[PDB]
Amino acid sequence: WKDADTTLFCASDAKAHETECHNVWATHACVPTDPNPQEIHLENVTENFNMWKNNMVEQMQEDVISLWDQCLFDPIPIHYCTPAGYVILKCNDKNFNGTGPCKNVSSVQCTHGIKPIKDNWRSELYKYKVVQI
């Protein structure tokens, strides 16, 4: 793979039928969540992450803009995912801080379900990285 930058999409379990502010945004912005995502253990290999250079903390926050844009009470989980030809590498190291080496990586299709401030995103982002197949 190459470590690269691409246009992501969002997915949620939002209800089409109802008025809670960003249920309303998500129904017009995101797709439904697949109840069984893929999680593939990296055998053996290690890669270098950098929460500070992650252009998922660059597209997130632009969707948070359009969220409030039309917004004006409970948040639900939103997932961020990659298109064909790309995939998300996830760091499973427990004393990982955000940067440097990470021996236990795995690949995921979408991120975890995120409660909704760049720093609040990075509080959960840290372990995610995009590469191109």
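Residue indices: 1-based, along the sequence shown.
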* To do: Note how many residues of the deposited chain are left out of the model between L72 and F73; the options are none, 1 to 3, 4 to 9, and 10 or more.
  => 4 to 9
* Asked: Per the entry, how many residues of the deposited chain go unmodelled between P116 and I117: none, 1 to 3, 4 to 9, or 10 or more?
  -> 4 to 9
* So which stretch wins on mean C-alpha B-factor, 11 to 19 or 117 to 125? -> 117 to 125
* Asked: Higher mean Cα B-factor in the deposited model: 83 to 91 or 97 to 105?
  -> 97 to 105
* To do: Select lowest, middle or highest to describe the third in which the CA B-factor of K53 falls within its chain in this entry.
  => highest
* Taking the C-alpha B-factors as the PDB entry records them, is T46 in the lowest, middle or highest third of its chain? -> highest
